[PDB]
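Colleague: task: produce atomic coordinates for the following.
(one chain, ligands or ions: 2)
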Amino acid sequence: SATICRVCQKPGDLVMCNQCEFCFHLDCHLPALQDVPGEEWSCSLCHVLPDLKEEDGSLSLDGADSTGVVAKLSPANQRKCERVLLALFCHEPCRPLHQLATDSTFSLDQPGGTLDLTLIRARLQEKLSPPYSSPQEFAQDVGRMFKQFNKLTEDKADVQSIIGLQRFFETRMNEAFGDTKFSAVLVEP
Ligand SMILES: [Zn+2]
Ligand SMILES: [Zn+2]
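Modeller: Residues are numbered from 1 along each chain as shown. Ligands and ions are numbered 1, 2, ... in the order given. Shown next is the structure:
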């Protein structure tokens with residue numbers, strides 16, 4: 001198997017999941033890496049936000065971020081949906097998804113247009129503008145993604161391409177929303 005930014009599935013200056021070969025161009029990394037998270041990284045579904053903070057594991061009282069910087073989508077809850085957009089990101093069905101809309105200047109609150117991983121991701125990321133407040137808000141969108149994903153595709157499978165991704169979606173979304181301790185032998189293709 002090649003490095004390939006699992007997302008893109010293209011080789012390069014990718015970063016292989018020291019745990020599940022999940023390589024990433026970094027930038028394609030859901031929240032986009034910082035610059036190669038070391039050859040010991042582990043996806044975002046496997047590693048998520050850089051915990052390198054070392055300390056402040058539960059002691060900081062309150063500063064820039066510890067347990068609730070906004071609690072919108074919340075640091076970690078945002079991280080979960082990010083465990084998703086990513087989950088999505090990584091697979092193929094999402095590839096179409098990443099880019100479905102005609103965005104231009106309407107997705108932030110567009111009339112339920114088409115969204116896409118990146119759409120949602122930016123939200124999640126705050127890259128966008130209007131960030132959600134729930135990985136279900138998110139999921140709702142990606143779930144939308146999926147909706148129009150399934151209606152726009154028309155070239156791929158139809159549903160089950162969407163769905164298989166829609167399941168994947170909910171899988172990591174399920175992982176993140178628990179402990180991703182379910183099955184570590186299933187995260188390794
Ligand atoms: Zn890539
Ligand atoms: Zn991984």
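Colleague: contacting residues around the closest residue in space to residue 19 that isn't next to it in sequence?
Modeller: Nearest residue to residue 19, sequence neighbours excluded (CB to CB, 6 or more residues apart in numbering): residue 42, at 4.4 Å. The C-beta positions use only the backbone N, C-alpha and C, and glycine is treated the same way. With contact set as CB atoms under 8 Å, 6 or more residues apart in numbering, residue 42 has these partners: 17-20, 22.
Colleague: which residue sits farthest out from the middle of this structure?
Modeller: residue 61 (29.0 Å; CA atoms, centre = their mean).
Colleague: that residue: helix or strand, and which one exactly?
Modeller: If you go by DSSP states H and E, residue 61 is not part of any helix or strand.
Colleague: how much space between it and residue 20?
Modeller: 36 Å (CB to CB, to the nearest Å).
Colleague: what does residue 120 give?
Modeller: Applying CB to CB to residue 120 and residue 20 gives a distance of 23 Å.
Colleague: more neighbours, the two?
Modeller: residue 120 (30 against 19; other CB atoms under 10 Å).
Colleague: excluding chain neighbours, what is closest to that one?
Modeller: residue 141 (4.6 Å).
Colleague: that neighbour should be in a helix, yeah?
Modeller: Yes - looking at residue 141 with DSSP: H, G, I helix; E, B strand; the rest coil, it is inside a helix.
Colleague: show me which residues of the protein sit near ligand 1.
Modeller: 5, 7-8, 25, 28 (CB under 5 Å from the ion).
Colleague: tell me the most packed of those, by neighbour count.
Modeller: Going by other CB under 10 Å, residue 7 tops the residues of the chain next to ligand 1 with 26 neighbours.
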